[PDB]
Amino acid sequence: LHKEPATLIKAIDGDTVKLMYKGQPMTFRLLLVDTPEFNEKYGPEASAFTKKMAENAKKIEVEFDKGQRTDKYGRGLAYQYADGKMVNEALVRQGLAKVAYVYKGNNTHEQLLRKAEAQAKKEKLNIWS
Ligand SMILES: Cc1cn([C@H]2C[C@H](OP(=O)(O)O)[C@@H](COP(=O)(O)O)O2)c(=O)[nH]c1=O
Ligand SMILES: [Ca+2]
């Protein structure tokens, strides 16, 4: 897989963000994770985390997997990086997302994220407290 450029348009919540990709505004849904909705426990904390990571980044990138690049709602499906750090993985390591929605053929980073989830669960962080 490879990273491609994007720029931040606006934070949305823990697992969605509005980015400009190839010069067009699009909402992205982060692959392989599920954050609580804003109205649920840890939803606001997940939103704050990804808003900070994205807004402080000098360089945002997106990486598509091998499979579907948009979902049935027209959201782009990717892994998002902020100054080289994967947001998807960071959420999971902090106990602010569960590994979820693992569909065959868009699951390249599944085991990386499961290892983060195991470390978050060991530490009893956030969702795992
Ligand atoms: C992460 C992801 C979600 N989706 C669809 C499955 C879920 O359908 P339903 O809306 O029918 O539940 C929805 C979950 O996203 P949200 O967690 O953003 O609500 O998005 C995909 O199709 N592919 C994906 O990789
Ligand atoms: Ca969600």
# chains A, B, ... in the order shown; residues from 1 in each chain; ligands from 1
>>> residues_near_ligand(ligand="ligand 2", cutoff="10 Å", atoms="only C-alpha atoms and all ligand atoms", output="ChimeraX atom specification")
/A:13-16,29-30,33-38,40,43,46,97-98,100
>>> residues_around(residues="segment 1-3 of chain A", least_positions_apart="5", cutoff="12 Å", atoms="only C-alpha atoms", output="ChimeraX atom specification")
/A:21,59-67,78-86,106-109
>>> write_last_selection(atoms="N, CA and C atoms", output="short mmCIF file (atom, residue, chain, number, x, y, z; two decimals), in the first residue's frame")
data_model
loop_
_atom_site.label_atom_id
_atom_site.label_comp_id
_atom_site.auth_asym_id
_atom_site.auth_seq_id
_atom_site.Cartn_x
_atom_site.Cartn_y
_atom_site.Cartn_z
N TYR A 21 -8.92 15.37 -1.03
CA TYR A 21 -8.13 14.32 -1.62
C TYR A 21 -8.25 14.47 -3.13
N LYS A 59 1.39 17.34 8.01
CA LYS A 59 1.24 16.57 6.78
C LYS A 59 0.21 15.46 7.09
N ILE A 60 -0.98 15.58 6.49
CA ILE A 60 -1.93 14.45 6.51
C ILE A 60 -1.79 13.60 5.26
N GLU A 61 -1.92 12.28 5.42
CA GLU A 61 -1.90 11.40 4.29
C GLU A 61 -3.02 10.38 4.41
N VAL A 62 -3.43 9.85 3.28
CA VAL A 62 -4.39 8.73 3.31
C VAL A 62 -3.81 7.55 2.56
N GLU A 63 -4.17 6.35 3.01
CA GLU A 63 -3.66 5.15 2.38
C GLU A 63 -4.86 4.26 2.15
N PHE A 64 -5.16 3.95 0.90
CA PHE A 64 -6.24 3.04 0.62
C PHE A 64 -5.70 1.61 0.74
N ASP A 65 -6.62 0.68 1.02
CA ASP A 65 -6.28 -0.72 1.09
C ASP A 65 -6.53 -1.33 -0.27
N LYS A 66 -6.52 -2.66 -0.35
CA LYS A 66 -6.57 -3.34 -1.64
C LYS A 66 -7.97 -3.42 -2.25
N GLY A 67 -8.99 -3.17 -1.42
CA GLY A 67 -10.38 -3.44 -1.73
C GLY A 67 -11.17 -2.15 -1.99
N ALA A 78 -10.17 4.56 4.26
CA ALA A 78 -8.68 4.55 4.24
C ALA A 78 -8.08 4.47 5.62
N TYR A 79 -6.74 4.23 5.62
CA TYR A 79 -5.98 4.54 6.83
C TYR A 79 -5.42 5.97 6.73
N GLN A 80 -5.60 6.73 7.81
CA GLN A 80 -5.20 8.15 7.80
C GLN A 80 -3.95 8.30 8.63
N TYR A 81 -2.96 9.09 8.11
CA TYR A 81 -1.68 9.31 8.90
C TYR A 81 -1.59 10.81 9.18
N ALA A 82 -1.05 11.14 10.35
CA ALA A 82 -0.80 12.54 10.74
C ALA A 82 0.68 12.62 11.12
N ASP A 83 1.43 13.34 10.32
CA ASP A 83 2.90 13.40 10.46
C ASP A 83 3.47 11.99 10.66
N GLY A 84 3.04 11.06 9.78
CA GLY A 84 3.54 9.69 9.72
C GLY A 84 2.94 8.66 10.69
N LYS A 85 2.17 9.14 11.67
CA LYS A 85 1.54 8.26 12.66
C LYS A 85 0.11 7.93 12.23
N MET A 86 -0.23 6.64 12.28
CA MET A 86 -1.56 6.21 11.81
C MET A 86 -2.59 6.56 12.84
N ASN A 106 -9.98 -5.63 2.57
CA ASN A 106 -9.52 -4.35 3.12
C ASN A 106 -9.10 -4.55 4.54
N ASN A 107 -8.16 -5.46 4.78
CA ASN A 107 -7.76 -5.74 6.14
C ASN A 107 -6.24 -5.82 6.33
N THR A 108 -5.51 -5.07 5.50
CA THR A 108 -4.05 -5.13 5.55
C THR A 108 -3.49 -4.88 6.93
N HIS A 109 -3.98 -3.88 7.63
CA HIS A 109 -3.41 -3.53 8.93
C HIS A 109 -4.13 -4.13 10.13
#
>>> select_by_dssp(residues="chain A", states="strand (DSSP E or B)", output="PyMOL selection string")
chain A and resi 3-11+16-21+24-30+33-34+60-63+70+76-82+85-86+98-99
>>> write_last_selection(atoms="N, CA, C and O atoms", output="short mmCIF file (atom, residue, chain, number, x, y, z; two decimals), in the first residue's frame")
data_model
loop_
_atom_site.label_atom_id
_atom_site.label_comp_id
_atom_site.auth_asym_id
_atom_site.auth_seq_id
_atom_site.Cartn_x
_atom_site.Cartn_y
_atom_site.Cartn_z
N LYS A 3 1.00 5.69 0.76
CA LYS A 3 0.42 6.90 1.27
C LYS A 3 0.27 7.89 0.14
O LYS A 3 1.15 8.04 -0.80
N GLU A 4 -0.84 8.62 0.21
CA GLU A 4 -1.11 9.72 -0.75
C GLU A 4 -1.46 10.96 0.01
O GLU A 4 -1.97 10.97 1.16
N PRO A 5 -1.21 12.14 -0.59
CA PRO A 5 -1.50 13.36 0.12
C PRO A 5 -3.02 13.70 0.27
O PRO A 5 -3.84 13.31 -0.58
N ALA A 6 -3.32 14.39 1.34
CA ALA A 6 -4.62 14.98 1.56
C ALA A 6 -4.44 16.19 2.48
O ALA A 6 -3.39 16.34 3.16
N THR A 7 -5.43 17.07 2.57
CA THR A 7 -5.36 18.12 3.55
C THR A 7 -6.67 18.14 4.37
O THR A 7 -7.71 17.66 3.91
N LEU A 8 -6.58 18.59 5.60
CA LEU A 8 -7.71 18.64 6.50
C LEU A 8 -8.73 19.70 6.01
O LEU A 8 -8.31 20.85 5.76
N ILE A 9 -9.99 19.33 5.83
CA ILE A 9 -11.07 20.36 5.67
C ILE A 9 -11.70 20.62 7.02
O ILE A 9 -11.65 21.76 7.51
N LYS A 10 -12.17 19.56 7.72
CA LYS A 10 -12.75 19.76 9.04
C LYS A 10 -12.80 18.41 9.77
O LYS A 10 -13.13 17.39 9.17
N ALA A 11 -12.53 18.45 11.05
CA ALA A 11 -12.81 17.32 11.94
C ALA A 11 -14.29 17.04 11.94
O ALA A 11 -15.13 17.97 11.84
N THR A 16 -14.53 9.59 11.63
CA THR A 16 -14.81 10.26 10.30
C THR A 16 -14.16 11.65 10.35
O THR A 16 -14.01 12.24 11.42
N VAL A 17 -13.76 12.11 9.15
CA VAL A 17 -13.07 13.39 8.99
C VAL A 17 -13.34 13.82 7.55
O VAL A 17 -13.40 13.00 6.60
N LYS A 18 -13.39 15.15 7.36
CA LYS A 18 -13.51 15.70 6.04
C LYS A 18 -12.17 16.16 5.56
O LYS A 18 -11.50 16.99 6.21
N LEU A 19 -11.73 15.53 4.47
CA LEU A 19 -10.40 15.83 3.89
C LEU A 19 -10.54 16.23 2.44
O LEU A 19 -11.45 15.79 1.72
N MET A 20 -9.55 16.97 1.93
CA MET A 20 -9.49 17.17 0.48
C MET A 20 -8.47 16.20 -0.10
O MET A 20 -7.28 16.17 0.31
N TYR A 21 -8.92 15.37 -1.03
CA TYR A 21 -8.13 14.32 -1.62
C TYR A 21 -8.25 14.47 -3.13
O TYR A 21 -9.37 14.60 -3.66
N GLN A 24 -10.54 17.29 -4.14
CA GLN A 24 -12.02 17.22 -3.98
C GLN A 24 -12.33 16.93 -2.52
O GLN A 24 -11.65 16.11 -1.87
N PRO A 25 -13.33 17.61 -1.95
CA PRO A 25 -13.74 17.45 -0.54
C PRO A 25 -14.41 16.06 -0.47
O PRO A 25 -15.21 15.64 -1.35
N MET A 26 -14.04 15.32 0.58
CA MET A 26 -14.69 14.03 0.81
C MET A 26 -14.68 13.68 2.28
O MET A 26 -13.83 14.10 3.04
N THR A 27 -15.69 12.98 2.70
CA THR A 27 -15.68 12.52 4.09
C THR A 27 -15.02 11.15 4.05
O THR A 27 -15.39 10.31 3.24
N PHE A 28 -14.02 10.94 4.92
CA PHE A 28 -13.39 9.65 5.08
C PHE A 28 -13.88 8.97 6.32
O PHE A 28 -14.05 9.61 7.34
N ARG A 29 -14.10 7.65 6.21
CA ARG A 29 -14.34 6.75 7.39
C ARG A 29 -13.08 5.89 7.58
O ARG A 29 -12.58 5.26 6.64
N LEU A 30 -12.57 5.93 8.79
CA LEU A 30 -11.30 5.20 9.08
C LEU A 30 -11.51 3.68 9.02
O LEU A 30 -12.44 3.12 9.63
N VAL A 33 -11.80 0.31 12.35
CA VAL A 33 -12.08 0.79 13.69
C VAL A 33 -13.49 1.24 13.88
O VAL A 33 -14.22 1.46 12.90
N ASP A 34 -13.86 1.34 15.18
CA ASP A 34 -15.19 1.95 15.50
C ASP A 34 -15.01 2.73 16.76
O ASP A 34 -14.69 2.19 17.82
N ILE A 60 -0.98 15.58 6.49
CA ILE A 60 -1.93 14.45 6.51
C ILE A 60 -1.79 13.60 5.26
O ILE A 60 -1.57 14.12 4.12
N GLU A 61 -1.92 12.28 5.42
CA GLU A 61 -1.90 11.40 4.29
C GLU A 61 -3.02 10.38 4.41
O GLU A 61 -3.43 10.08 5.53
N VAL A 62 -3.43 9.85 3.28
CA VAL A 62 -4.39 8.73 3.31
C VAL A 62 -3.81 7.55 2.56
O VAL A 62 -3.01 7.69 1.62
N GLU A 63 -4.17 6.35 3.01
CA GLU A 63 -3.66 5.15 2.38
C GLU A 63 -4.86 4.26 2.15
O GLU A 63 -5.50 3.82 3.14
N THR A 70 -14.56 3.28 -1.44
CA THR A 70 -15.66 4.06 -0.87
C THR A 70 -16.73 3.14 -0.33
O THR A 70 -16.85 1.97 -0.76
N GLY A 76 -14.94 7.82 1.82
CA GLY A 76 -13.72 7.13 1.44
C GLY A 76 -13.29 6.23 2.57
O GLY A 76 -13.50 6.61 3.74
N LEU A 77 -12.70 5.12 2.25
CA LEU A 77 -12.31 4.10 3.30
C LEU A 77 -10.79 4.07 3.20
O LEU A 77 -10.25 3.61 2.21
N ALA A 78 -10.17 4.56 4.26
CA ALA A 78 -8.68 4.55 4.24
C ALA A 78 -8.08 4.47 5.62
O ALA A 78 -8.75 4.65 6.66
N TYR A 79 -6.74 4.23 5.62
CA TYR A 79 -5.98 4.54 6.83
C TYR A 79 -5.42 5.97 6.73
O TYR A 79 -4.96 6.41 5.67
N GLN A 80 -5.60 6.73 7.81
CA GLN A 80 -5.20 8.15 7.80
C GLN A 80 -3.95 8.30 8.63
O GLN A 80 -3.84 7.68 9.69
N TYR A 81 -2.96 9.09 8.11
CA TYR A 81 -1.68 9.31 8.90
C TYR A 81 -1.59 10.81 9.18
O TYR A 81 -2.01 11.64 8.32
N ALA A 82 -1.05 11.14 10.35
CA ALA A 82 -0.80 12.54 10.74
C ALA A 82 0.68 12.62 11.12
O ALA A 82 1.13 11.88 12.04
N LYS A 85 2.17 9.14 11.67
CA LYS A 85 1.54 8.26 12.66
C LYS A 85 0.11 7.93 12.23
O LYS A 85 -0.68 8.82 11.86
N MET A 86 -0.23 6.64 12.28
CA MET A 86 -1.56 6.21 11.81
C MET A 86 -2.59 6.56 12.84
O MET A 86 -2.52 6.19 14.02
N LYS A 98 -12.53 0.47 19.08
CA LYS A 98 -12.39 -0.97 19.00
C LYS A 98 -11.99 -1.32 17.57
O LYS A 98 -12.43 -0.66 16.60
N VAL A 99 -11.21 -2.38 17.41
CA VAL A 99 -11.04 -2.97 16.10
C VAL A 99 -12.41 -3.52 15.70
O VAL A 99 -13.08 -4.22 16.48
#
>>> select_by_dssp(residues="chain A", states="alpha helix (DSSP H)", output="PyMOL selection string")
chain A and resi 43-55+87-93+110-122
>>> write_last_selection(atoms="C-alpha atoms", output="PDB file, in the first residue's frame")
ATOM      1  CA  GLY A  43     -17.481   9.663  22.022  1.00  0.00           C
ATOM      2  CA  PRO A  44     -16.427  13.184  22.886  1.00  0.00           C
ATOM      3  CA  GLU A  45     -12.972  12.011  23.925  1.00  0.00           C
ATOM      4  CA  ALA A  46     -12.526  10.105  20.646  1.00  0.00           C
ATOM      5  CA  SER A  47     -13.624  13.172  18.667  1.00  0.00           C
ATOM      6  CA  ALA A  48     -11.195  15.398  20.588  1.00  0.00           C
ATOM      7  CA  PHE A  49      -8.368  13.007  20.022  1.00  0.00           C
ATOM      8  CA  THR A  50      -8.712  12.832  16.257  1.00  0.00           C
ATOM      9  CA  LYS A  51      -9.495  16.610  15.963  1.00  0.00           C
ATOM     10  CA  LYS A  52      -6.210  17.340  17.757  1.00  0.00           C
ATOM     11  CA  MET A  53      -4.173  14.797  15.858  1.00  0.00           C
ATOM     12  CA  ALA A  54      -5.443  16.120  12.492  1.00  0.00           C
ATOM     13  CA  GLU A  55      -5.394  19.856  13.270  1.00  0.00           C
ATOM     14  CA  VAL A  87      -4.652   7.706  13.378  1.00  0.00           C
ATOM     15  CA  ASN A  88      -6.532   4.390  13.176  1.00  0.00           C
ATOM     16  CA  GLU A  89      -3.812   2.650  15.205  1.00  0.00           C
ATOM     17  CA  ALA A  90      -3.477   5.575  17.702  1.00  0.00           C
ATOM     18  CA  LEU A  91      -7.202   5.549  18.520  1.00  0.00           C
ATOM     19  CA  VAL A  92      -7.091   1.801  19.174  1.00  0.00           C
ATOM     20  CA  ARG A  93      -3.889   2.030  21.289  1.00  0.00           C
ATOM     21  CA  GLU A 110      -5.663  -5.802  11.002  1.00  0.00           C
ATOM     22  CA  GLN A 111      -2.971  -7.503  13.024  1.00  0.00           C
ATOM     23  CA  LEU A 112      -1.133  -4.197  13.767  1.00  0.00           C
ATOM     24  CA  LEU A 113      -4.368  -2.810  15.162  1.00  0.00           C
ATOM     25  CA  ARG A 114      -5.259  -5.960  17.134  1.00  0.00           C
ATOM     26  CA  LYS A 115      -1.864  -5.770  18.852  1.00  0.00           C
ATOM     27  CA  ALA A 116      -2.613  -2.174  19.829  1.00  0.00           C
ATOM     28  CA  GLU A 117      -6.056  -3.158  21.122  1.00  0.00           C
ATOM     29  CA  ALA A 118      -4.461  -5.887  23.271  1.00  0.00           C
ATOM     30  CA  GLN A 119      -2.067  -3.338  24.816  1.00  0.00           C
ATOM     31  CA  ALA A 120      -4.960  -0.878  25.486  1.00  0.00           C
ATOM     32  CA  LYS A 121      -7.003  -3.657  27.103  1.00  0.00           C
ATOM     33  CA  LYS A 122      -3.983  -4.716  29.259  1.00  0.00           C
TER      34      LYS A 122
END
>>> closest_residue(among="A:124, A:71, A:95, A:105", to="residue 41 of chain A", atoms="only C-alpha atoms")
A:95
>>> atom_distance(atom1="atom CA of residue 74 of chain A", atom2="atom 12 (O, counted along the ligand's line) of ligand 1")
13.7 Å
>>> closest_residue(among="A:96, A:102, A:57, A:12", to="ligand 1", atoms="only C-alpha atoms and all ligand atoms")
A:102
>>> closest_residue(among="A:58, A:39, A:23, A:75", to="ligand 1", atoms="only C-alpha atoms and all ligand atoms")
A:75
